[PDB]
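Peer 1:
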Amino acid sequence: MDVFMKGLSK
Amino acid sequence: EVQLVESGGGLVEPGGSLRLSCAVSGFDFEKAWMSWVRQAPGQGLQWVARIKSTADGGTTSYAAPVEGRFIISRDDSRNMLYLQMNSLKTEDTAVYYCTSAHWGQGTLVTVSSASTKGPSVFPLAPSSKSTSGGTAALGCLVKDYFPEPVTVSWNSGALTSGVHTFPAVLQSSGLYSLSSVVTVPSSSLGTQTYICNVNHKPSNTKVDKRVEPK
Amino acid sequence: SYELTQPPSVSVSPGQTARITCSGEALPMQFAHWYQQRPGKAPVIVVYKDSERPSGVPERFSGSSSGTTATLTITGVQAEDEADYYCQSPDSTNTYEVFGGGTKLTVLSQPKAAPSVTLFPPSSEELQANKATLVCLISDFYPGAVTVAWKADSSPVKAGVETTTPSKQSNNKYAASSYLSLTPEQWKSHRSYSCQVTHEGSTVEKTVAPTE
């Protein structure tokens, strides 16, 4: 449910 | 659990257009950065296009081979992703996947000037040369169809055990052929009817072919 | 422009440990993700954001990432882990997404299986439509390499032959098919036609004749 692409970066 | 279902793939001629759709369920689609990714036969995965979340500006990005011809868009209200494809080329032939870490099943895009053609279905009769160890092999030849796919069942899906439907050959002609074989008891051959049921949805054709001993 | 480098192949023995690398310039600033893709199926994620394990993924699959290399480690490899593995990461500006080339993982010492060969002659309905196809089906073999030769009587025939690439089946074995297209006149003119299938030093030749 919470594993999708959110545009997050390091 | 998560599921993505793509639709809209099919045969279109070079220069043509198509629109692909993807229904998403099981995660917060509003926050998701969504991509299309394609895979040509026996090739690797090739990213096509991305659209950010609306809250992040909804920015679109395209792979260089498709930039300017394709348009990715989203509809948050219906949890839908779309890929509008234009000026299509034979090199765009591929399975198109909708993805945001999870993946849909994909939808087949075939770019070709060749026209749709339903199959010629011929029986492969059991003989003694296809009989060994008390079991007999019989089948159907699904000849000269376009585009993929064809699906085969047996006795309207009541015979599901011992069924072997082979990957299609792509012939020099541009046409496809495939065979489906079922292995059955040899003593049933005189009493049991065998019918293969061919479905070629691209040509809206179903063929029920009776297979009888030679 | 930005590229992720992945070894085309990795082969390992059952129960030992496989490491699949993915090297990229922007990996210090962007997450990598790893996908398994089984023969004929869609990719499934096995690593999310460098090192997180998605729910339901077995514990033997794990990832890590530091510097310009992300690594997928498969411990206690099984035959079932044979598949293509892709890494994915965006460019340094996170403007576009990039995929690795893929890594085919092969598990060594899987048992050799001689292929079943079944050859069908042209159906009578096909002959009446003035066509002729011989169908040579080849199933349940490993490794995935066969050579098909057709013969008319004792003479090889190259024209009219269509043979598939072998494709990995359900049990990790392979299947292929070969088709010889003839006119009904060519079918009748010879005493017999033969499909000859070679696999790991074994040869099987099935023969059909127009009079039987």
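Protein chains in written order, with the entry's author numbering: chain S, 1 to 10; chain H, 1 to 214; chain L, 1 to 212. Even for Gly, the Cβ is constructed at its ideal location relative to N, Cα and C.
1) Would you call H:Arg74 buried or exposed, if buried means 16 or more other Cβ atoms sit within 10 Å of its Cβ?
2) Hey, would you say H:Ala125 sits closer than 8 Å to H:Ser186, going by beta carbons?
3) Between the segment 19-35 of chain L and the segment 50-68 of chain L, can you find at least three pairs of beta-carbon atoms closer than 8 Å?
4) Three-state secondary structure (DSSP) at L:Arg191?
5) Are three or more beta carbon pairs between the segment 115-122 of chain L and the segment 82-96 of chain L nearer than 8 Å?
6) Would H:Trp154 pass as an interface residue toward chain L - the criterion being a Cβ-Cβ separation below 8 Å?
7) Quick one: complete alpha helix (DSSP H) runs, 4+ long, within the segment 104-188 of chain L?
8) How should H:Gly174 be labelled, buried or exposed, when 16 other C-beta atoms within 10 angstroms of its C-beta is the threshold for buried?
9) With 8 Å as the C-beta to C-beta threshold (strictly closer), list the residues of the segment 82-98 of chain H near chain L in chain order.
10) Indicate whether at least one CB of chain S lies closer than 8 Å to the CB of H:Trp103.
11) By the 10 Å Cβ neighbour count, where 16 or more other Cβ atoms means buried, how is H:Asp92 classified, buried or exposed?
12) Return the residue from the list H:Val48, H:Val24 and H:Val109 that minimises the CA-CA distance to H:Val66.
13) Kindly say whether H:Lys52, judged by its beta-carbon, lies nearer than 8 Å to any beta-carbon of chain S.
14) I want to see whether chain S comes within less than 8 Å of H:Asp56, judged by CB atoms only; does it?
15) Kindly list, in the order they appear in chain S, the residues whose Cβ is closer than 7 Å to that of H:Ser100.
16) When you compare each of L:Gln6, L:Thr95, L:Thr147 and L:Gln186 to H:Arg50 by their alpha carbons, which one comes out closest?
17) Look up H:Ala55 in the DSSP assignment and say whether it is helix, strand or coil.
18) For the segment 14-48 of chain H, enumerate the residues whose C-beta is nearer than 8 Å to any C-beta of chain S, in chain order.
19) Please name the residue or residues paired with L:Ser51 in a DSSP beta bridge.
20) Just the C-alpha distance for H:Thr110 and H:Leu88, rounded to the nearest angstrom, thanks.
21) When Cβ atoms are compared, which residues of the segment 126-150 of chain L fall closer than 7 Å to chain S?
22) Determine which residues share a DSSP beta bridge with H:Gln46 and list them.
23) Would L:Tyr35 count as contacting chain S if we go by Cβ distances under 8 Å?
24) Find out if the Cβ-Cβ distance for the pair residue 215 of chain H, H:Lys117 is shorter than 8 Å.
Peer 2: Well, looking at it:
1) Result: buried.
2) Annotated as distal: H:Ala125 and H:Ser186, with beta-carbon spacing of 8 Å or more.
3) Yes, since at least three Cβ pairs between the segment 50-68 of chain L and the segment 19-35 of chain L fall closer than 8 Å, the two stretches touch.
4) Note: L:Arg191 maps to coil in three-state DSSP.
5) Cβ pair count under 8 Å is below three, so no.
6) Taking 8 Å as the threshold, the shortest C-beta distance from H:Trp154 to chain L does not fall below it.
7) You should have 124-128.
8) When all chains shown are included, H:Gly174 counts as exposed.
9) Only those residues of the segment 82-98 of chain H whose C-beta falls short of 8 Å from the nearest C-beta of chain L are listed: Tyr97.
10) Chain S, which has no Cβ nearer than 8 Å to the Cβ of H:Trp103, makes this no.
11) Buried: at least 16 other Cβ atoms inside 10 Å.
12) The shortest Cα separation from H:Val66 among H:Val48, H:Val24 and H:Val109 belongs to H:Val48.
13) For H:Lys52, the nearest CB of chain S lies under 8 Å from its own CB, placing it at the interface with that chain.
14) Output row for H:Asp56: interface = yes.
15) Those are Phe4 and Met5, listed as they occur along chain S.
16) Looking from the CA of H:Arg50, the closest CA among L:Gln6, L:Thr95, L:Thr147 and L:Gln186 belongs to L:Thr95.
17) In this structure, H:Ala55 counts as helix in the three-state DSSP scheme.
18) Here the close residues are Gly26, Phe27, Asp28, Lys31, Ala32, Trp33, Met34 and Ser35.
19) Note: L:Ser51 sits in no beta bridge, so no partner.
20) Those two C-alpha atoms are separated by around 10 Å.
21) Correct list: empty, as no residue qualifies.
22) BP columns for H:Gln46 point to H:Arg38.
23) No, its Cβ sits nowhere closer than 8 Å to a Cβ of chain S.
24) Because residue 215 of chain H is not part of the residues shown, which for chain H are 1 to 214, the question remains open.
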